[PDB]
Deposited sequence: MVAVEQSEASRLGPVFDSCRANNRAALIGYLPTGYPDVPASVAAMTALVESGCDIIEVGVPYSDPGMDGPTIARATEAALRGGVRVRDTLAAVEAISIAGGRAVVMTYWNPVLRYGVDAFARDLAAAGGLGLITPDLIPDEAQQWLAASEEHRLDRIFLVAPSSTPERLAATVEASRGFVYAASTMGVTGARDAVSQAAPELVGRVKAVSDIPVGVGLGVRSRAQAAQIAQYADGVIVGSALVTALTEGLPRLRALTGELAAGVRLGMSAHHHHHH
């Protein structure tokens, strides 16, 4: 059957644009202000929101996101606060997926977390330190609770692993990272029709537009955190510029 995120990408493709995919960590700079920021993203034209779960040992986040997740953990952020963020985003007419390191999901219970996320209106899970090789429980929870499953590929991924990682993904494949980003997207396009989101330290309209030529979704995270730290108005302005960037004409 159709993936949960299928209609958003179908719709974006029909209007000659990429989907704008926006990341914010739950609890930064505190729980209420982060919910207000995530709502703002919905109101300012984010097609998909990645609700980040702060983690004590976030090996793959750059310093902007890492400082923000640290502040969130100092403020007492909980995993259930990410489920609340998903609820508020759904209520505001948005579409939320969660991005998390795997151990918090194991600690919660994989089946339980998929169930509760689905209940809150969550559409999927982005798993930056879960590879399909270790995802058996997650694949079963994902099919049971109709949640998409977004694995990452990298420019270094072998032919064999890229194909297995694409085949295991539903919703979109995250092409994490220069011609590396278009070359990696083109390798996913050679084996499958799944939408490909591209993260590339995007911080301007110009860069989102560049990526929207070849990718189905433009992923922005660091620049949204930086904008939010300055203030909610700055976040709105930036998200606006990025929303204009993803549309091609």
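- Residues of the deposited sequence with no modelled C-alpha atom fall in the ranges 1-7, 185-195, 268-276.
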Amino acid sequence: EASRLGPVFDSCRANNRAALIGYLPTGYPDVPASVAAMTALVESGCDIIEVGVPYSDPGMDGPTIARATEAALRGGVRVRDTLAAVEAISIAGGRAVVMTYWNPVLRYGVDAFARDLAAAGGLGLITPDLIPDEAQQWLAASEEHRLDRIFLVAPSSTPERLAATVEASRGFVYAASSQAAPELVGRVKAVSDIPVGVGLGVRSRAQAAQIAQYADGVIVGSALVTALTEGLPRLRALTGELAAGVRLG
From here on, numbers count along this sequence of modelled residues.
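- Stretches compared: 101-109, 166-174. Higher mean C-alpha B-factor in the entry: 166-174.
- Here the stretch with the larger average CA B-factor, out of 19-27 and 5-13, is 5-13.
- Of the candidates 184, 35, 65, 49, the one whose C-alpha carries the top B factor in the deposited record is 184.
- Per the deposited coordinates, the residue with the largest Cα temperature factor out of 41, 190, 219, 224 is 190.
- When the modelled residues of the chain are ordered by their C-alpha B factor, residue 121 lands in the middle third.
- Per the PDB record, residue ranking by Cα B-factor puts residue 132 in the lowest third of the chain.
- For residue 54, the recorded CA temperature factor ranks within the lowest third of the chain's modelled residues.
- In the PDB entry, residue 90 places in the middle third of its chain by CA B-factor.
- The deposited CA B-factor of residue 179 belongs to the highest third of values across its chain.
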